[PDB]
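Peer 1: below is the sequence, then the experimental coordinates.
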Amino acid sequence: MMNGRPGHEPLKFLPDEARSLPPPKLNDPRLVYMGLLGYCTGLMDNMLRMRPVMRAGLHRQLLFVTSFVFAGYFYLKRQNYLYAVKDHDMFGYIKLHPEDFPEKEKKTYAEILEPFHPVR
Amino acid sequence: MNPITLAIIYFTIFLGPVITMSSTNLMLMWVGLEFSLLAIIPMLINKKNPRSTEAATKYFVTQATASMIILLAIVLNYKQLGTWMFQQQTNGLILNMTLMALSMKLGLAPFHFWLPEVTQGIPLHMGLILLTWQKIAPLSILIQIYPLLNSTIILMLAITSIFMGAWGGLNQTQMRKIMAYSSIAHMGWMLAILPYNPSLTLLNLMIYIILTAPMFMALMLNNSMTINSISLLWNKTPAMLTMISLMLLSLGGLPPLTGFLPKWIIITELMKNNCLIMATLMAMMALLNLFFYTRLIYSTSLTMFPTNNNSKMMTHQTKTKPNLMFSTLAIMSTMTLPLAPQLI
Amino acid sequence: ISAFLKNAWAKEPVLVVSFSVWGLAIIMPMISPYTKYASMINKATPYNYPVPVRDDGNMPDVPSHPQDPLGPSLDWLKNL
Amino acid sequence: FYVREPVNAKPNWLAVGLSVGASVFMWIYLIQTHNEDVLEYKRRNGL
Amino acid sequence: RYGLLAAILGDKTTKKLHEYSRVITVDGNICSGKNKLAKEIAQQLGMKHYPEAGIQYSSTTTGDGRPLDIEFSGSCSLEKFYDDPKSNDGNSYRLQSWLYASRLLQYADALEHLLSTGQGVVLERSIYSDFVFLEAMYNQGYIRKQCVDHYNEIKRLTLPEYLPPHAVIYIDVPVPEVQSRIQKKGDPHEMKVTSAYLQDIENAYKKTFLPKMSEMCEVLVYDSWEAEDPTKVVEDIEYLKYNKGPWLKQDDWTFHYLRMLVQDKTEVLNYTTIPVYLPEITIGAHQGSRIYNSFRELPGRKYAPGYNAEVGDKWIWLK
Amino acid sequence: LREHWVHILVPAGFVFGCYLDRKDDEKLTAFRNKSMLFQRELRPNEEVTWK
Amino acid sequence: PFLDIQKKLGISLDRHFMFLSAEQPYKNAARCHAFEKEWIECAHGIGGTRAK
Amino acid sequence: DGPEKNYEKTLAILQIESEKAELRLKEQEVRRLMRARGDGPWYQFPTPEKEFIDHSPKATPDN
Amino acid sequence: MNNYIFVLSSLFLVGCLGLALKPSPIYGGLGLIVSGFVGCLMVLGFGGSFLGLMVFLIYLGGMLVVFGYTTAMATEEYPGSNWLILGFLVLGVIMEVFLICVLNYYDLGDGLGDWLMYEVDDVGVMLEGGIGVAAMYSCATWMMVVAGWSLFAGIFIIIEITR
Amino acid sequence: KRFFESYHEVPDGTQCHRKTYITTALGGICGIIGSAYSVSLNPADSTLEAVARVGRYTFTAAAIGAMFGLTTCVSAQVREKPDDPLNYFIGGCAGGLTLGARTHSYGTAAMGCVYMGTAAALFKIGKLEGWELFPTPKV
Amino acid sequence: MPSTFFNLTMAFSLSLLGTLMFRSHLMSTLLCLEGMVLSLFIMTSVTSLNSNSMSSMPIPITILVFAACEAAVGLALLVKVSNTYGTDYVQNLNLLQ
Ligand SMILES: CCCCCCCCCCCCCCCCCC(=O)OC[C@H](COP(=O)(O)OCCN)OC(=O)CCCCCCCCCCCCCCCCC
Ligand SMILES: Nc1ncnc2c1ncn2[C@@H]1O[C@H](COP(=O)(O)OP(=O)(O)O)[C@@H](O)[C@H]1O
């Protein structure tokens, strides 16, 4: 799919071109989810290991909520880029090959005559 | 194992898939497959129980002949194109061989007989490696060659696997074999979308790995190879009962959990490509897989099976804990669905 | 350590040599005045034919004739 | 107490300091990345 | 905990082993004054003398070590064993199955001490010798045939993994004299036990336990008179040559795995809880849930060792 | 906020909820006042029709 | 390929010898060295779907 | 706050959803075209490195 | 002759058909040792002295010999008379002729013409296999390293299996 | 292969002979394949016993093939309506019934009729609506 | 060559049919398995030789080196089997059912 694109960075995570895109707001609901996803991992661990669920490993709880979140910003930063490349790529083609994607005129309903099936 | 040997083997079992993935000269891809075959056989017979020798001798013969067939495809290509690698021009039969062969190493469809049996005689641990770090290698070879393979065969092996996996699983009561059967099924979905959108194969795999790896480390936490054995989970370790429940329903496609995404996007991609015949039948028997998953749910969680008196003794003693990976791979798996858009 | 080699030279007087020449051969090439020539005496042999380049007048070194003073002259291999 | 003492009774103080300290390095790199990022984004584009 | 890291970096059992380091069990009839010999031999070579496995031996083993309530410890009574043989509820089989689990824990704890500290082990009766009680119980009406099969299946599944006793001692006193020994010790439950049942216990040892182990380990038979003379018996042990037996092949890289097993009690008895549903063994879900949901609420047991504040654990918020 | 930290959980959800539902508006504010039926011209000293 | 650890690392352990026109020992060109060149300098920058 | 807010909010919701819908369909058409055409950055399958050929003086005439 | 290779090729198929009828473990080893001899010869036909002899040196006496060796140690229980197999084998000997025959009438063909040694430098040296196999040490030094690990970790794989 | 395809080329309900012949072959082919898997796995006791099973499966399958072909063609003939899933359903209905008989079970005939017929009907619809099976990737 | 290349290929298929149709002894199979490696080695060497593609001769041998160990593993499994059953018949390998 998107691989084989000109300029593809053969093994890079997020090419610098992704600098142009806005950075993910740290409180983006998603990163906040990853946070909660993380807290739960932590709590779950405590549970499976039979420790006071919430009052234990308060250091770990932090490692978790802060590892998942850290991961998020840098992942979302990329997935965001990938999607952004997709448009660059998609929109460009629509133009470079214009005839294939022609603008269409939609007749005002006045003109079009969709048939009327009566419910009766 | 003299720790040195452990290192050499483990390195090979790990250099095996990695060479396959990194190289482009098919030959070097073949030897990557060859190493994996050589490295896995020692670990398979670690207990050296009579069942084990049977396992390895089957795994080895099935793996070896497939390896030879893959080499024949490379040898034939070399004469139809001087290149040592499949190209647009490749004779169709040349590629189909590679599909069958690689579908034997991965154990898909009508070649699904070896896997359930080797998964039954190997330890739970080596079971995981045999199921998930040995599927990465062959799949890599296929994913690389996707543009050229046949849409018809893949689909047939895909559908067959789904059915065989499901039907096989319904009867099985041994856990190792229930998982072997599930893997056949999931492996099927993966190979269904390969011709159309390889990138989704790599999602339907990771999710399978992030689902199966927690599931097996669960089976071994109590080292239960029987459902009856996993059913007394409530006494041996009560907390894992909650997540074991969700992970197994996640392995099947039920909608709130992460497991729906692989099936959902594979169905979306197949309908985008118009296989609304094939996709429909697959999704339907996919529902058979959940039936045997939920039957296990019943025994392990929703209903409490009776336990032996000595179970009280095992409770007393501190239970060696499950590694952290269980949690991080249980949650990222049971509930990431709210984050699907970025996964795909 | 040094007197452990003395019985290992009296008894076991084989592996000593095999790990004394295994290595000696790794240090003789790195420390010899003449190891440079092996990749050079082996680089001079014209097994295939030397294709001549077209003249432009922009090439002073290229020896025009086999006997010009110019070019790869090996008065080295001689009396190496 | 316990006849067989726990292995975890007094905290593994290393595990605290690499767990706490690691997380505080994560943030200081993460928050840094964001503001740094925001800038790169602003200058690379109009503002 | 012990791991390949530790094994890779020193910590090898081989370098911790010495002549006095062996697994020595002393087995006898219900009353062989065995206890004394063991503690005596123990005193001789500093051997850690493990006491005979008990109903609450596991509870003394785990956590606080205070004796557990009977139902928490599997509801087994040796006392009821005797007063009500061939009981409807089968307390006798449940007693035997818990006893096998207790010695499995004791033998494994013994092996862990042996491979770590290197001090040799004296544990009285062993798992290998436990079968004589069941053989005698099946010989009379105490246990039915399947009950026997269930114990044998657990024995075949778990006992082979552990290495055999280095040597076994046999303090034998005749069927009649143990009953008079029984007659003067005070408990009334030990009294009135079947002479034929005691006949079947010692006969089972002589017929099966001593010959079987006579190759797996150095059996040292001692008559009562040799007994009560720990010095002499101790002398003989120091005299026997620990050669014949499977222990000879235990290289360091082999011991490591055995150590990591005994190091994990939850595995030692993993096959002791196999889901074979014979009626006596079955907890039952409603009773079992209550017993678990009650044992787990005992102070210091709710959470893992080190994390339950009731008994005074602290630092939980950083553990 | 002691022993009452479990009574202010749900209520707080409400506030956060209202904070988002009034934030969603802020996003979907195109056609702020550009709709046909309701396109009045800004009254003096009024920033925007609906906030 | 699937994981291009080779291009990234810049190493070329597996690419130098994939086609008949690759460097042959002692510069002994193989049969067809002429064609394969003409058939791969053609299909360079043009993807397969249009190299076919 | 009023009838004005929901009417204008609903029109904004429809514009985002209408524009998302047109683009999703155009993707499917562009993706059909580049796969078969192979004239666009997506679906550009590889052929061997030109960098690995050898246009150097060989040992025989006529390469 | 010109059918220098075909005939041989035909013999190679005969030996493979013998291994395929799965004759007694060691009677067929001979079969391999026969077709290995045959394959050794064909490669020599094309000028691959080194590559050829190599097979006669490693697969022939190294691999195969060790194979039967083990046969003797085990799986040479030498408990269907191979003669029955020879009977069938004879059938195939000519049954293959049938397969070839259809294409024989259909006809390349008429034995073997210039369907070997397509192009060879009528002048020149260094053109000889073993110069190519020695690229393990120049310009193809990754095949050499991975083969090493095969054999090297082979030692460790075998002993571990044996133990 | 130009053969099997012929079934579709001529309008349905017409040239039943060809239809029945083609349908019978496909069933029979499936019979062979099915028997083969049935003999390779779950082998027989004697060669003859297995030859029989091959025959049994082949004939049963050939039969379901025939009646399907015959019923659908005739149903269309008699009904005069060439394009109608119902024709096929009646055919599939019949086919299942043959299977049921060969297996000597009324119940199987039940599931057989419904399931088999439905499937065949869907084939007709599929052809009528130009549904594509095993499609090439066109993304 | 085109003619011969056929014989070798069918040799590999006849060896294929062999390994996919067992009969008693396993050592037969492993032996057959090897018949393929010889056929592959011969075919790879043959085409490399008539393509004058010397850069590829490394492969004909890498194929053998990997195939030899592959077989080493195969035989150790075989010895392991006639140590646990002592008869090496594919017949008794059915415990896993
Ligand atoms: C989208 C919704 C999906 C479905 C959500 C609701 C179902 C959640 C999954 C439930 C699956 C298991 C069902 C059966 C569980 C049986 C639990 C049990 O038997 O009790 C013991 C167990 C462990 O016990 P322990 O915590 O150690 O202490 C008590 C010892 N007796 O006790 C425990 O396990 C306690 C912890 C249980 C887990 C708590 C989960 C609470 C419910 C989660 C709802 C999430 C809703 C999300 C909604 C999203 C909307 C977008
Ligand atoms: N498996 C068993 N079944 C029944 N009773 C057992 C078992 N094992 C040990 N016992 C009990 O142990 C008692 C003997 O212990 P005893 O010799 O009094 O201990 P000590 O060594 O302190 O003297 C017997 O009365 C017997 O009932």
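Peer 2: Everything's here; your move. Residues are numbered from 1 along each chain as shown, chains lettered A, B, ... in the order given. Ligands and ions are numbered 1, 2, ... in the order given.

Peer 1: and stretch J:117-130, what's buried?
Peer 2: J:117-118, J:120-124 (16 or more other CB atoms under 10 Å in any protein chain shown). C-betas here are computed from N, CA, C, even on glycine.

Peer 1: indicate the residue of chain C located nearest to chain E.
Peer 2: residue C:4 (20.9 Å; CB to the nearest CB).

Peer 1: from residue I:63, how far off is that residue?
Peer 2: 42 Å (CB to CB, to the nearest Å).

Peer 1: more neighbours: which of these two?
Peer 2: residue I:63 (20 against 8; other CB atoms under 10 Å in any protein chain shown).

Peer 1: show me the contacts for that one.
Peer 2: K:34, K:68, K:71 (CB atoms under 8 Å, 6 or more residues apart in numbering or on different chains).

Peer 1: could I get those as JSON lines with secondary structure and neighbour count?
Peer 2: Shown next, in JSON lines, are the contacts of residue I:63 (DSSP: H, G, I helix; E, B strand; the rest coil; neighbours: other CB atoms under 10 Å in any protein chain shown):
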{"residue": "K:34", "secondary structure": "helix", "neighbour count": "26"}
{"residue": "K:68", "secondary structure": "helix", "neighbour count": "20"}
{"residue": "K:71", "secondary structure": "helix", "neighbour count": "22"}
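
Peer 1: what about chain I: which of these touch it?
Peer 2: The residues of the contacts of residue I:63 that also fall near chain I, by CB under 8 Å from any CB of the partner chain, are K:34, K:68, K:71.

Peer 1: hang on, isn't the last one packed against residue K:30?
Peer 2: What it means is residue K:71. Yes - between residue K:71 and residue K:30 there is a contact at 6.5 Å, judged by CB atoms under 8 Å.

Peer 1: what do these two both touch?
Peer 2: Common neighbours of residue K:71 and residue K:30 (CB under 8 Å, 6+ apart) are residue I:67.

Peer 1: residues contacting the residue in chain K positioned nearest to chain C?
Peer 2: Closest to chain C within chain K is residue K:54: 13.2 Å, counting by CB to the nearest CB. For residue K:54, the contact set (CB under 8 Å, 6+ apart) comprises G:24-25, G:28, G:30, I:129, I:131-132, I:135, K:48.

Peer 1: same check, this time on residue B:177
Peer 2: Residue B:177 touches B:116, B:119-120, B:168, counting by CB under 8 Å, 6+ apart.

Peer 1: tell me the helix or strand right after the host helix or strand of it.
Peer 2: Element membership of residue B:177, judged by DSSP states H and E, is helix B:175-192. Sequence order places helix B:198-221 as the next helix or strand after helix B:175-192, per DSSP H and E.

Peer 1: now that next one and helix B:175-192, what's the angle there?
Peer 2: Following axes from the mean of the first three to the mean of the last three CA atoms, to 10 degrees, one obtains 170 degrees for the angle between helix B:198-221 and helix B:175-192.

Peer 1: dump helix B:198-221 to CSV, restricted to CA.
Peer 2: C-alpha atoms of helix B:198-221 as CSV (Å, rounded to 0.1, in the frame of the first residue of the first chain):
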residue,chain,number,x,y,z
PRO,B,198,-1.3,-7.1,3.3
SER,B,199,-1.1,-4.4,5.9
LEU,B,200,-4.2,-5.9,7.6
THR,B,201,-2.6,-9.3,7.7
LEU,B,202,0.0,-7.7,10.0
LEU,B,203,-2.8,-6.4,12.2
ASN,B,204,-4.7,-9.7,12.3
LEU,B,205,-1.4,-11.2,13.5
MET,B,206,-0.3,-8.9,16.1
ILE,B,207,-3.7,-8.9,17.7
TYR,B,208,-3.6,-12.7,17.6
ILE,B,209,-0.1,-12.6,19.2
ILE,B,210,-1.3,-10.0,21.8
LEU,B,211,-4.3,-12.3,22.5
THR,B,212,-2.7,-15.7,22.4
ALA,B,213,0.5,-14.8,24.4
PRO,B,214,-1.6,-13.7,27.5
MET,B,215,-4.0,-16.7,27.0
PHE,B,216,-1.2,-19.3,27.1
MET,B,217,0.7,-17.7,30.0
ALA,B,218,-2.7,-18.0,31.7
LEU,B,219,-3.0,-21.7,30.9
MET,B,220,0.4,-22.3,32.4
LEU,B,221,0.2,-20.0,35.4
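
Peer 1: for stretch E:185-195, buried residues please.
Peer 2: By neighbour count on 16+ other CB under 10 Å, the buried set for stretch E:185-195 is E:190, E:193.

Peer 1: gap between it and the chain center?
Peer 2: Its chain's C-alpha centre and that of stretch E:185-195 lie 22 Å apart, by CA atoms, centre = their mean, to the nearest Å.

Peer 1: and the contacts of it?
Peer 2: With CB under 8 Å, 6+ apart, stretch E:185-195 has contacts from E:30-31, E:78-79, E:81-83, E:85, E:140, E:175-176, E:179, E:182-183.

Peer 1: just the buried ones from the residues you listed?
Peer 2: By neighbour count, with 16+ other CB under 10 Å, the contacts of stretch E:185-195 hold E:30-31, E:78, E:81-82, E:85, E:175, E:179, E:182 as buried.

Peer 1: just the closest residue of chain D to ligand 2, please.
Peer 2: residue D:3 (19.6 Å; CB to the nearest ligand atom).

Peer 1: roughly how far apart are that residue and residue E:62?
Peer 2: On the measure of CB to CB, residue D:3 and residue E:62 end up 7 Å apart.

Peer 1: these two: which is more packed in?
Peer 2: residue E:62 (22 against 12).

Peer 1: re the thing from before, save the contacts of residue I:63 as JSON lines, and put in distance to chain F too.
Peer 2: Listed next are the contacts of residue I:63 as JSON lines, based on distance: CB to the nearest CB, whole Å:
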{"residue": "K:34", "distance to chain F": "70"}
{"residue": "K:68", "distance to chain F": "68"}
{"residue": "K:71", "distance to chain F": "67"}
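
Peer 1: output those in CSV; the columns should cover distance to residue B:74.
Peer 2: Output for the contacts of residue I:63, formatted as CSV (distance: CB to CB, whole Å):
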residue, distance to residue B:74
K:34, 18
K:68, 18
K:71, 19
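
Peer 1: for residue C:66, state which of these is nearest.
Peer 2: Ranked by distance to residue C:66 (CB to CB), those are led by residue K:68 at 50.8 Å.

Peer 1: which residue is the nearest non-sequential neighbour of the closest one?
Peer 2: The spatially closest residue to residue K:68, leaving aside those adjacent along the chain, is residue I:63, at 5.6 Å (CB to CB, 6 or more residues apart in numbering or on different chains).

Peer 1: so that neighbour sits in a helix?
Peer 2: Yes - counting by DSSP: H, G, I helix; E, B strand; the rest coil, residue I:63 is located in a helix.

Peer 1: so how far is residue I:76 from it?
Peer 2: 17 Å.

Peer 1: ok, whatever residue of chain F ends up closest to chain D to chain A distance?
Peer 2: Per CB to the nearest CB, residue F:27 is where chain F lies closest to chain D, at 19.6 Å. Using CB to the nearest CB, to the nearest Å, residue F:27 is found at 13 Å from chain A.

Peer 1: okay, now that residue: neighbour count?
Peer 2: Counted with other CB under 10 Å, residue F:27 comes out at 10.

Peer 1: alright, calling it a day.
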